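Methodologically, a virtual Cβ is constructed for each residue, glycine included, from the backbone with ideal geometry; neighbour enumeration extends over all protein chains shown. Values in this text are rule-based calculations from the coordinates and carry no lab data.
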Amino acid sequence: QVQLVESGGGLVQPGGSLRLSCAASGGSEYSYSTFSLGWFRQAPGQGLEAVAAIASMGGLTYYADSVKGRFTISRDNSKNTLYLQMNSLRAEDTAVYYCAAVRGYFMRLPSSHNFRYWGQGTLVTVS
């Protein structure tokens with residue numbers, strides 16, 4: 001039902017910052033806040049990995065080892081939008097970033113299997 005669209009991707013210099021957004025549409029009968037959200041990424045030559053997530057019911061956040069303390073996941077429910085703030089970007093951060101959502105929750109950094117809805121992805125190139 002819910003469609004997700006990433007935005008904000010682009011080229012950034014190493015050490016720089018960047019914010020990505022993800023707009024959700026559809027499923028109006030469904031409270032946006034009931035969805036747990038997450039950011040994943042797939043760097044060239046690697047598999048899809050979890051980056052950050054925020055659980056519905058309490059808003060607890062989880063981050064991947066290499067981004068903890070550098071990235072921040074947040075949401076603007078009035079806009080049905082998910083954001084991710086990135087700092088101190090490195091070449092290893094180059095990848096297509098995907099937002100995901102699910103009507104359920106998790107209590108640790110969730111894997112891709114935990115999410116039902118997915119966006120098409122946005123490319124972030126760090127050079």
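General remarks:
- Test: residue 124 is farther than 14 Å from residue 24 by Cα, surrounded by 20 or more Cβ atoms within 10 Å (Cβ to Cβ) and in contact with a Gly (Cβ under 7 Å, 6 or more places away or on another chain): yes
- Residues of the stretch 44-75 that turn out to be acidic (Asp, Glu) and closer than 18 Å to residue 117 by Cα, as a count: 1
- For the stretch 97-121, the set of residues classified as free of Cβ contacts under 8 Å to residues at least 60 places away in the same chain and either crowded, with 19+ Cβ neighbours inside 10 Å or not basic (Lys, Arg) (or both) consists of 107, 109, 113, listed by residue number.
- In the stretch 84-105, of all residues being out of contact with any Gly (no Cβ under 9 Å at 6 or more places or on another chain) and polar (S, T, N, Q), the one that is farthest from residue 39 (Cα to Cα) corresponds to 94.
- Here the condition is being within 19 Å of residue 1 (Cα to Cα), of a type in the set (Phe, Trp, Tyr) and touching a helix residue (DSSP H, G or I) at 6+ places or on another chain (Cβ under 6 Å); of 32, 105, 98, it holds for 32 alone.
- Test: residue in the stretch 92-101 that is among the aliphatic types (A, V, I, L, M) and more than 23 Å from residue 23 (Cβ to Cβ): no
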